[PDB]
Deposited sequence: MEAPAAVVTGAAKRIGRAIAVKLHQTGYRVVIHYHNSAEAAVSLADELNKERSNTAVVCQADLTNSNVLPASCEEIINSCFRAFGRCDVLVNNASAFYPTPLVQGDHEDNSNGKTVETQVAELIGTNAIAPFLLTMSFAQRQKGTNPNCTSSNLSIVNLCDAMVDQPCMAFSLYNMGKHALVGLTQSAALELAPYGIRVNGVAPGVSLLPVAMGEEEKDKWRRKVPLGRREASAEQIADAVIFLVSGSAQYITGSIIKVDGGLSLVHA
């Protein structure tokens, strides 16, 4: 019988590429989304046309709040309701914008969004993932990290704190959930898909920097590393974070 996966922020871009590749591997998928309702059901439609009743949609804000644990518990619950199991969780959804230290949203909202999406939701989703299993199988969690986590971008401190917290969770959860046969790993893109709204010349500045090919990783290239980690080929791998960055983190100033 088919395994099931939750992918967060799976409506488009890298999240969509992960849901799609997991689907092609034979997973049924919960496509989580926040604001991209149309893209999410459009994705689910295609996947369901491929194989009937193998994709459901689930919407949630993953900003930190007192109700976030409930939302995260529900996200996991939706996978079991639809599919009777939950074998894989991919923590992909992520708020991303600058927060300059020296001077719209209050700083506490930015805290809740940036740290919530990048670290607290992954933590809570991990708790619920594990709780639902215990209290053959190839259970694992993949966290979407950042290969530049130690060469941060200017004025992105909260985002960077969130990705760093995600490294800690990946390692803490790997260690703690190993007795249950739940493996916990990361995939760390460097420059992948640039923002839809980024000007082309700004995109080119980033591409130029990549030693391997002078270009960004495609969403499929990121998804490949994810499906390796969920596979039987990675049965012994846990607490490992795989850079998919084309050498970018190795390039000095």
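Deposited residues without C-alpha coordinates, grouped into stretches that follow sequence order: Several stretches lack coordinates - namely 1, 105-112, 145-150, in sequence order.
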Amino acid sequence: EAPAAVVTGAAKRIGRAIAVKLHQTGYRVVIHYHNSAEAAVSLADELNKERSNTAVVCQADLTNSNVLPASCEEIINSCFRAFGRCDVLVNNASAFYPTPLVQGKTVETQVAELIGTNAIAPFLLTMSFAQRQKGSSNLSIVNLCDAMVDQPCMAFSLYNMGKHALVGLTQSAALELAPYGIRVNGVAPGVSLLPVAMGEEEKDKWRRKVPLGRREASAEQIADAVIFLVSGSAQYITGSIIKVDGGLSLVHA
From here on, numbers count along this sequence of modelled residues.
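Think of the rigid core as the biggest set of C-alphas that the two forms share within 1.5 Å after superposition.
Farther-lying stretch by C-alpha RMS in 9 other deposited structures of this protein, rigid core as reference, of 207-215 and 57-65: Comparing 207-215 with 57-65, the larger C-alpha deviation in 9 other deposited structures of this protein belongs to 207-215.
Farther-lying stretch by C-alpha RMS in 9 other deposited structures of this protein (rigid core fit) among 216-224, 45-53: Higher average C-alpha offset in 9 other deposited structures of this protein goes to 216-224.
Flanks modelled, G104 absent in at least a third of other entries: In at least a third of the other entries, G104 has no coordinates.
Flanks modelled, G135 absent in at least a third of other entries: Counting only entries that model residues on both sides, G135 is unresolved in at least a third of them.
Mean temperature factor over C-alpha atoms, higher-scoring stretch between 48-56 and 223-231: Here the higher of the two C-alpha B-factor means belongs to 48-56.
Given 63-71 and 39-47, the range whose Cα B-factors average higher in the PDB entry: In the deposited entry, the stretch with the higher C-alpha B-factor mean is 39-47.
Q151, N143, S157, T126, ranked by C-alpha B-factor: the highest one: When the deposited C-alpha B-factors of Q151, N143, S157, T126 are compared, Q151 is largest.
Maximum C-alpha temperature factor, selected from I120, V102, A174, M161: Highest CA B-factor of the listed options: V102.
B-factor third for the C-alpha atom of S136 within its chain: Tercile = highest for this residue's CA B-factor.
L89, C-alpha B-factor rank within chain (lowest, middle or highest third): Within its chain, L89 is a lowest-third residue by C-alpha B-factor, going by the deposited values.
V210 - Cα temperature factor, lowest/middle/highest third of chain: For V210, the deposited C-alpha B-factor lands in the middle third.
Third of the chain, ranked by Cα B-factor, where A130 sits: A130: CA B-factor falls in the highest third of its chain.
Third assignment of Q110 from its chain's C-alpha B-factors: As the PDB entry reports it, the C-alpha B-factor of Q110 lands in the middle third of its chain.
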